[PDB]
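Colleague: Following this message is one structure expressed as structure tokens.
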Amino acid sequence: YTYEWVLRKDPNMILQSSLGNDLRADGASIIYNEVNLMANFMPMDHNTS
Amino acid sequence: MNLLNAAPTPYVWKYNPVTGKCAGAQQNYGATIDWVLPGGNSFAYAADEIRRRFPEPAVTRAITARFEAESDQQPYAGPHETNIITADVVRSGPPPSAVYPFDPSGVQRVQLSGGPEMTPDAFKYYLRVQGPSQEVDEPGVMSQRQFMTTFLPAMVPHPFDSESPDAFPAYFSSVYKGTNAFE
């Protein structure tokens with residue numbers, strides 16, 4: 001299965017302020033370097049899985 | 001001609017698939033002919049002949065059943081679908097021909113990077129094929145093909161004059177008199 005998604009970069013969206021001020025005009029920014037996808041696999045017996 | 005003996009236009013049914021319960025029937029106005037004003041005498045008989053040649057419900061049932069017997073999307077798998085339903089279950093899980101070692105040693109066992117009891121293929125297919133535990137339908141709820149084989153559009157001449165059957169617009173009769181209800 002190929003599974004894609006897109007992450008918000010809007011500072012107002014992703015970040016929450018205690019004042020609600022505009023973060024785009026207040027120098028807020030984000031950079032995503034590594035975005036991996038973790039997953040847990042139960043190792044149940046193949047004859048059972 | 002005399003219009004009291006004219007064949008009535010059929011009652012086509014309404015299904016409401018989302019619930020599945022019958023949604024009533026309507027006078028088949030969606031398929032009718034404009035003949036009284038322009039057609040006159042010569043087309044009055046023609047329209048009556050067309051109306052009285054409307055198939056009786058058994059014929060409509062047979063035609064619909066023959067129609068969805070050729071669908072290719074029957075609820076149950078035909079040979080084409082069951083071939084590939086069997087194909088993956090045959091090739092699913094650990095390979096049958098894989099001769100992998102069994103090491104019943106309490107010390108110094110093997111690693112088995114891989115990729116002793118085994119399930120039979122017949123049971124493997126049985127797991128994939130078995131149906132639910134319901135095995136019994138709900139009264140009043142039926143599928144679209146099931147509803148079209150039943151609830152057949154037919155002419156109902158003189159419908160509203162019998163003793164106490166009336167009709168089924170959207171109702172539930174409980175009090176021995178026709179109580180079109182759920183107000």
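In the structure tokens, chains take letters A, B, ... by order of appearance, with residues numbered from 1 within each chain and ligands from 1 in the order shown.
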Could you name the residues that touch residue 137 (chain B) at 12 Å or less, counting only C-alpha atoms, but leaving out those on the same chain fewer than 6 positions away, as a VMD selection string?
Modeller: chain B and resid 20 143 146
Colleague: Emit the selected residues as a PDB file, in the first residue's frame, including N, CA and C atoms.
Modeller:
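Done, and the output landed in out.pdb:
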```pdb
ATOM      1  N   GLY B  20     -34.397   0.395   2.696  1.00  0.00           N
ATOM      2  CA  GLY B  20     -34.743  -0.896   2.157  1.00  0.00           C
ATOM      3  C   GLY B  20     -36.214  -1.241   2.231  1.00  0.00           C
ATOM      4  N   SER B 143     -33.656  -6.256  -0.659  1.00  0.00           N
ATOM      5  CA  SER B 143     -32.712  -5.644  -1.577  1.00  0.00           C
ATOM      6  C   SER B 143     -33.417  -5.173  -2.847  1.00  0.00           C
ATOM      7  N   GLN B 146     -34.290  -7.971  -5.032  1.00  0.00           N
ATOM      8  CA  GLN B 146     -35.355  -8.663  -4.318  1.00  0.00           C
ATOM      9  C   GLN B 146     -36.646  -7.860  -4.355  1.00  0.00           C
TER      10      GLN B 146
END
```
Colleague: Kindly determine which residues of chain A lie within 10 Å of chain B, considering only C-alpha atoms, and give the answer as a list in words.
Modeller: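 Residues passing the distance filter: residues 45, 46, 47, 48 and 49 of chain A.
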Colleague: Would you mind exporting the chosen residues as an mmCIF file, in the first residue's frame, restricted to C-alpha atoms?
Modeller:
```cif
data_model
loop_
_atom_site.group_PDB
_atom_site.id
_atom_site.type_symbol
_atom_site.label_atom_id
_atom_site.label_comp_id
_atom_site.auth_asym_id
_atom_site.auth_seq_id
_atom_site.Cartn_x
_atom_site.Cartn_y
_atom_site.Cartn_z
ATOM 1 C CA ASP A 45 2.291 -16.893 14.016
ATOM 2 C CA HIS A 46 2.016 -16.846 10.239
ATOM 3 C CA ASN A 47 -0.268 -19.887 10.425
ATOM 4 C CA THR A 48 -2.477 -17.647 12.594
ATOM 5 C CA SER A 49 -2.015 -14.313 10.814
#
```
Colleague: From a DSSP calculation on the backbone, collect every residue of region 11-178 of chain B in helix (DSSP H, G or I) and output the set as an MDAnalysis selection string.
Modeller: chainID B and resid 40:52 57:68 79:90 121:129 144:149
Colleague: Using only C-alpha atoms, which protein or nucleic acid residues come within 12 Å of residue 5 (chain A)? Drop anything in the same chain fewer than 5 positions from it, and give the result as a list in words.
Modeller: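 Contacts, with the query itself left out: residues 35, 36 and 37 of chain A.
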Colleague: Between CA of residue 1 (chain A) and CA of residue 120 (chain B), measure the distance and give it in Å to one decimal.
Modeller: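 Taking CA of residue 1 (chain A) and CA of residue 120 (chain B), their separation equals 28.5 Å.
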Colleague: Can you tell me which residues surround residue 41 (chain B) at a distance of at most 9 Å, considering only C-alpha atoms, apart from same-chain residues fewer than 5 positions away, and format the answer as a VMD selection string?
Modeller: chain B and resid 1 35 to 36
Colleague: Would you save the residues from that selection as an mmCIF file, in the first residue's frame, using N, CA and C atoms?
Modeller:
```
data_model
loop_
_atom_site.group_PDB
_atom_site.id
_atom_site.type_symbol
_atom_site.label_atom_id
_atom_site.label_comp_id
_atom_site.auth_asym_id
_atom_site.auth_seq_id
_atom_site.Cartn_x
_atom_site.Cartn_y
_atom_site.Cartn_z
ATOM 1 N N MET B 1 -64.941 5.396 -28.037
ATOM 2 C CA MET B 1 -64.889 4.398 -26.977
ATOM 3 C C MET B 1 -65.402 4.963 -25.659
ATOM 4 N N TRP B 35 -53.073 11.938 -25.723
ATOM 5 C CA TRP B 35 -53.965 11.469 -26.778
ATOM 6 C C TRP B 35 -55.385 12.023 -26.742
ATOM 7 N N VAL B 36 -55.883 12.532 -25.613
ATOM 8 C CA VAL B 36 -57.293 12.921 -25.564
ATOM 9 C C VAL B 36 -57.550 14.137 -26.449
#
```
Colleague: Mind pulling up the distance from CA of residue 81 (chain B) to CA of residue 142 (chain B)?
Modeller: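 So the two atoms, CA of residue 142 (chain B) and CA of residue 81 (chain B), lie 24.1 Å apart.
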Colleague: Would you please work out which residue, of B:33, B:7, B:77, B:65, is nearest to residue 150 (chain B) when using only C-alpha atoms?
Modeller: B:65
Colleague: Within 9 Å of region 22-29 of chain A, counting only C-alpha atoms, which residues qualify if same-chain residues fewer than 6 places away don't, as a tab-separated table (two decimals) with N, CA and C atoms, in the first residue's frame?
Modeller:
```tsv
chain	number	residue	atom	x	y	z
A	9	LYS	N	1.94	23.81	7.02
A	9	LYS	CA	3.05	24.67	7.39
A	9	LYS	C	2.58	26.03	7.90
A	10	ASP	N	1.28	26.25	7.98
A	10	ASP	CA	0.75	27.53	8.44
A	10	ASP	C	1.03	27.70	9.93
A	11	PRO	N	1.77	28.73	10.33
A	11	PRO	CA	2.05	28.91	11.77
A	11	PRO	C	0.80	29.11	12.61
A	12	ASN	N	-0.22	29.79	12.08
A	12	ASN	CA	-1.45	29.97	12.84
A	12	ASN	C	-2.18	28.65	13.04
A	15	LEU	N	0.43	25.99	15.21
A	15	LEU	CA	0.83	26.51	16.51
A	15	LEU	C	-0.33	27.25	17.16
```
Colleague: Mind giving me the straight-line distance from CA of residue 32 (chain A) to CA of residue 6 (chain A) in Å, one decimal?
Modeller: 11.3 Å
